[PDB]
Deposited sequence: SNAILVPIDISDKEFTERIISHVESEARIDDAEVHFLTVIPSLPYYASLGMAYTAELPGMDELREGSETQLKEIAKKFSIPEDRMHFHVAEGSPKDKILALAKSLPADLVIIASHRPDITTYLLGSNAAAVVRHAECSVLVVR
């Protein structure tokens, strides 16, 4: 895949660690561009900047060349903004965890489910 969209919820009390190896492997296939996105509640400039900082800190966990990482912050519904960016990039692949790591009630979380169903590109659900 050329353009890989990697949505990350920065509030994940516990980060979804298993996505790291998958993002790294998928990126190595074609030296993809890796686009990290976090969607926050909709001052806002300050909230956006702090969200971007947290997202870059998470991205430090990934072995991907610096030149290939790109960062995006959006506001509102996570599924809507994930899908809008997948369309506009456009993404060749979206890589999403099945749900938050500490919660097992739902086999797919609401955003994972929507994104796998509605994306126009391939979607890798990681567990």
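Annotation: deposited residues 43-58 form the one stretch not represented by C-alpha coordinates in the model.
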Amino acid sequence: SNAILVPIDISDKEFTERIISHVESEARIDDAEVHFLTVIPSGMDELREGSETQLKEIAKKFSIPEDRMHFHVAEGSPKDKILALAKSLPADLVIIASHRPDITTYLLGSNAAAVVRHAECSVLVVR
From here on, numbers count along this sequence of modelled residues.
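Stretches compared: 28-36, 95-103. Higher mean C-alpha B-factor in the entry: 95-103. Stretches 11-19 and 111-119 differ in mean C-alpha B factor, with the higher average recorded for 11-19. Among all modelled residues in this chain, the alpha-carbon of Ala59 has a temperature factor (C-alpha) in the middle third. In the PDB entry, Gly43 places in the highest third of its chain by CA B-factor. Ranked by Cα temperature factor within the chain, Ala74 sits in the highest third according to the deposited record. Remark: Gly50 belongs to the middle third of its chain, ranked by C-alpha B-factor as recorded.
For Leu85, the recorded CA B-factor ranks within the middle third of the chain. Only modelled residues enter the ranking.
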